[PDB]
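Summary of the model geometry
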Amino acid sequence: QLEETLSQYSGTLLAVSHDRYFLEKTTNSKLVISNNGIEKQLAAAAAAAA
Amino acid sequence: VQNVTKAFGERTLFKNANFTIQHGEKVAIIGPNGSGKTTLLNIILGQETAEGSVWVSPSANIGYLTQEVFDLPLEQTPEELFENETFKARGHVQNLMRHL
Amino acid sequence: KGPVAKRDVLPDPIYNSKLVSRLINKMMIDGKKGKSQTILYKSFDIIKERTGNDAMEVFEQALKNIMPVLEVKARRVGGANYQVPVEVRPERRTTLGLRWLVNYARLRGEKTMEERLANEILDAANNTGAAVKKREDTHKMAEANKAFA
Amino acid sequence: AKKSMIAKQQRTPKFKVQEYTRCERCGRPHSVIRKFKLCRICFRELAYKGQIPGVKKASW
RNA sequence: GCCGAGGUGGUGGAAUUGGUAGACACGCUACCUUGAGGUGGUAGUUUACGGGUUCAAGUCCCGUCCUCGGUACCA
RNA sequence: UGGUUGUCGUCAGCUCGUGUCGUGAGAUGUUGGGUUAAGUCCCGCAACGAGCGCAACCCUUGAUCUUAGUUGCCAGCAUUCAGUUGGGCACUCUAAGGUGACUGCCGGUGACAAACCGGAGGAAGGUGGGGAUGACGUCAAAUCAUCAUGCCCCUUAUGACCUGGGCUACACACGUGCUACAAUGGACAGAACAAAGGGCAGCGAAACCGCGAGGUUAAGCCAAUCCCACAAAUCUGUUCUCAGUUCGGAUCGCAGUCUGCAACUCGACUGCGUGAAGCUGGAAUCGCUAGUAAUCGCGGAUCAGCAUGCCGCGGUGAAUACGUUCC
RNA sequence: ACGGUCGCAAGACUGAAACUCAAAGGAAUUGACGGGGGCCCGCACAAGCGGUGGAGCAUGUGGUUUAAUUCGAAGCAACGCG
């Protein structure tokens, strides 16, 4: 139910979750922390779209 | 959060990581193991070597949830803990919210 | 009826490009080229400062990342709502790139559209960015509906 | 009430502010032009009938 | 009079004490669409009553009123 | 009912003469091929023509030649606080007469036509941009309240005067509009640029006073002179830093100003204080193809006074038109 | 419908009247319409830019209150209209 209602939540959420299936209801943009700081992703953003 | 840098002695996590998020959006923060996920929110929300600039809205009411359970006023009753003003503030606000 | 064509003005006093004046005519609110030229030159001076390059090459690189190859138009037959993928002719590639730069720059939100357009160019350069959401999503819509052409 | 009201305008009232503009050819206020001292429709009619020495059809 | 049953919104009606002028399907109202109706789309209105128990009551409890039916005087 | 309009619609249609075909209603022309913005024009045709429509002539803008120089203009000529003076009609300007763009000329396509596509010239290129112009008719559309009106009705009243109120009501809906929700922003200071139009019991300089709305005396002007009239967005500095705020101004209290017998219902404006809803809007829906949309001020009618409406005026000034699949 | 014949049945065949209307109908013409076809055109659609619908007020109109809220307009083509 927290997976459900946080989708109907009215924005400004910073959802750290080590799950892969919880964030499928609570994600529009991602912050992938990686080597040498953040990576502000808005999609998968892998393999450097060409 | 502009030009942020976070280091622990020689353990360096953040370096010049410029991102800016406004209201009304779902921000998922993913770290495989130790990406500072828990560390960023502390250095979003606090001082202590957020090297750079972290600006946040002064009139926003940030409700915070921790990973670690070590922020309880221990040995208190949830009666005294939860702010229950008059009559249905125990029931219609609170005790229904607990049992339900 | 038939196709009609248009024109645009060649130079800019700093950065002598056609397409930079095309962006000057874009993002003009209420008939004010002066505000858009000031915003534009302060933004390109930030792009020249913060990254030690000439902002022409960063700006064209960002364009190359945003310019979509494939629009997907509509073709409704019956009750079907089919979408048909269209090879975009490169004029519309440039103009959709400029619209997406301008729209998602002012849609970002920072403490001037100087900074917003500059950071949007800096994101579309290092391809992950806000207009490139629209690039990726249009290519995914053309990739899924490629059966019609 | 038409000729009575025309007659009342043709009077001198108690006060100068009771004075209002009126037709002089086809009795009505609301759009009597001060220059011609004429009602609007009567101005259109007479200006069609070749009178009123200034006005022709306008284009510019 | 006695026994048994139900008393909610304009309607029929679910709800094991935990939030309902109403949650569910209709009506109803304001708008949209249409030439104007209908369909369709958007938003909107204290539990028969009175007194408790309870942190909380449609519900648990004590009383009153109404209606269905069985059980009687009489034709 | 006359008269005068909306609408389809600036759509390209609508008819008639004479002829022929059909018992007749009708048909024909007006259909077909190309072409157009066009029933435009050509070609073919049982039709040949014609009329109302379309276009053109009319007004404006785009440029140049001539005339005409003050109140307009200042290039060289010196004086000027100042185009003020003398000087000059060159230049802009003004307002008259012209010239000018006609597919005219080239090449290509296409019946050889009509026309179309590119090219050259040119300020202007294919009705150059716009206006005015609104066919037969449709809605028994609108107007008996601008007027005139046939018929019917009232008449010491359904007519007339006067004051007062109302046409500004207010729980609600609904058209059009204005202002915002903000950093391309708000406030403050500096610099510049307009067009069009108005002025006789009117426009009203300048000076003075008032924070301001304005006030008192008054020059010039029946106006290319003088006034309205200090354009504003813009540009450049200072300042705030993303909040229901240095956003926005509703609403409201008090004290004022002007107009006018008189501003209570029921005027505009100013000053102080208060500062709301609103952080870009659901279904749906509208305008616009270029100096347009967006935006910024200016002007004039009406009128003593009342403009967010309307009618014109300039300022900056875009994005897009692949196409006709859909409404 | 009644009667009759045929039929296992369903029904077939034969077949009126009271009553009711001043039309029903055919073919063809001119139009209009089609959730018929073709061709074309218009900010009509698409391609865009800005809005309206949300808020505040100005303004006009419906309802309602009224002593009167004067009269006229009412889909496009009434509703900052006379």
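Structural data are supplied above this passage.
This report concerns the structure included in the present document.

What to know about the nonpolar core
Core analysis: the largest hydrophobic core is formed by 31 residues, its most contacted members being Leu23(C), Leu40(C), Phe44(C), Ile47(C), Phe59(C), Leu101(C) and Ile121(C). Breaking this core down by element, the ones donating at least two residues are α1 (18-25), α2 (33-50), α3 (55-66), α4 (90-108), α5 (113-125) and α6 (131-144) of chain C. Once you skip the residues sitting within four places of it in the chain, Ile47(C) turns out to touch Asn53(C), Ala55(C), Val58(C), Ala118(C), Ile121(C) and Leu122(C). Residues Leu31(A), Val1(B), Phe14(B) and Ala17(B) belong to the second largest nonpolar core, which totals 13 residues.

Focus: the interface of chain B and chain A
A common way to state how big an interface is: give the accessible area lost once the parts meet. Counting from both sides, the interface comprises 21 residues of chain B and, opposite them, 24 residues of chain A. Summing both partners gives a buried area of about 2,100 Å² for chain B against chain A, and 63% of it is carried by carbon and sulfur. The three residues of chain B that bury the most area against chain A are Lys26(B), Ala28(B) and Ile30(B), which together make up 35% of that side's buried surface. Counting across the chain B and chain A interface gives 0 salt bridges. Ranked by the residues each element gives to the side of chain B that touches chain A, the list is headed by strand β3 (residues 26-30) of chain B, at 5 residues. In this sheet, β3(B) lies alongside strand β1 (residues 13-16) of chain A in parallel orientation, the contact comprising 4 bridges. Counted as the bridge partner of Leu13(A) is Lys26(B) from β3(B).

Here we look at the packing of aromatic side chains
All names here are of chain C. For the structure shown, the criterion picks out 4 aromatic pairs over all chains. Aromatic pair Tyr-15 and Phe-44: ring centres 5.4 Å apart, planes at 40°, arrangement tilted. You can see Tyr-15 sitting in the segment before α1 and its partner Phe-44 sitting in helix α2, a full 29 residues away along the chain. For the pair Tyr-15 and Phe-44, a shared accessibility class is recorded, and that class is buried.

Digging into the sheet that holds strand β3 (residues 40-41) of chain A
What the 4 strands build is an open sheet, ordered β1(A)-β3(B)-β2(A)-β3(A); its pairing is mixed. Taken across any chain shown, the strands that pair with only one partner, and hence form the sheet edges, are β1 and β3 of chain A. Along the sheet face, helix α1 (residues 37-45) of chain B touches β1 and β2 (29-32) of chain A together with β3 of chain B and points at about 150° away from the line of β1(A).

Side note on the sheet that holds strand β1 (residues 2-8) of chain B
Residue and element names in this part refer to chain B. Reading across from one edge, β2-β1-β4 is the order of the 3 strands in this open sheet, with antiparallel pairing throughout. Each of the sheet's edge strands pairs with one partner strand only, and the pair in question is β2 (11-17) and β4 (51-53). Taking the axes of each pair of neighbouring strands and ignoring which way they run, one obtains an average angle of 15° across the sheet. For β1 and β2, the ladder comprises 5 bridges, and the chain directions are antiparallel. Paired with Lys-6 across the two strands is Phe-14, which belongs to β2. Relative to the sheet, α1 contacts β1 and β2, its axis offset from that of β1 by approximately 120°.

Structural notes on the protein's contact with RNA strand F
In the neighbourhood of RNA strand F, 53 residues make up the surrounding shell, with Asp30(C), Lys73(C), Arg92(C), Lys8(D) and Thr21(D) lying closest. The sugar-phosphate backbone supplies 71% of the atoms of RNA strand F found within 4 Å of the protein. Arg89(C) is positioned with one of its side-chain polar atoms (N or O) 2.6 Å from a sugar or linking oxygen of RNA strand F. At a separation of 2.5 Å, a sugar or linking oxygen of RNA strand F approaches a polar side-chain atom of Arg44(D). Looking at the surface near RNA strand F, the elements with two or more residues in it are α2, β1 (70-75), α4 and α5 of chain C together with α1 (3-10), β1 (32-33) and α2 (40-48) of chain D. The element best represented in the surface near RNA strand F is α2(C), accounting for 5 residues.

Considerations on α1(B)
Among all positions of α1(B), only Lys37(B), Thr39(B), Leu40(B), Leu41(B) and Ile43(B) are buried. Looking at the packing, one finds that the buried side of α1(B) touches β1 and β2 of chain A together with β1, β2 and β3 of chain B.

Side note on unusual backbone geometry
All names here are of chain A. You will see that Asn-36, though not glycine, has its phi angle at about 60°, which is positive. Among the structural elements, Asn-36 can be located in the loop between β2 and β3. The exposed category is assigned to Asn-36, whose relative accessible area is 62%. In this structure, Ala-47 takes a positive phi of about 60° despite not being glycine. Within the element layout of this structure, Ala-47 appears in the segment after β3.

Cut-off values and rules
Residues numbered from 1 in each chain as written, not as in the entry; some residues may be left out. Chains lettered and ligands numbered in written order. Part of a larger assembly, values for the part shown. Heavy atoms only, no water. Core = buried A, V, L, I, M, F, W, Y, C linked by side-chain atoms within 4.5 Å. Buried < 20%, exposed > 50% of the residue type's maximum accessible area, 1.4 Å probe, protein only. Helix = DSSP H or I, 4+ residues; strand = E, 2+ residues; numbered from the N terminus. Contact = heavy atoms within 4.5 Å. Buried area = accessible area lost by both parts, 1.4 Å probe. Salt bridge = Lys/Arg side-chain N within 4 Å of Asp/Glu carboxyl O. Pairing = 2+ DSSP bridges. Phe/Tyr/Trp six-rings, centres within 6.5 Å; stacked < 30°, edge-to-face > 60°. Axes fitted to C-alpha atoms, helices over the stretch in contact; angles between N-to-C directions. Near = heavy atom within 4 Å. Polar contact = N/O pair within 3.5 Å; in protein donor to acceptor, adjacent residues only side chain to side chain.

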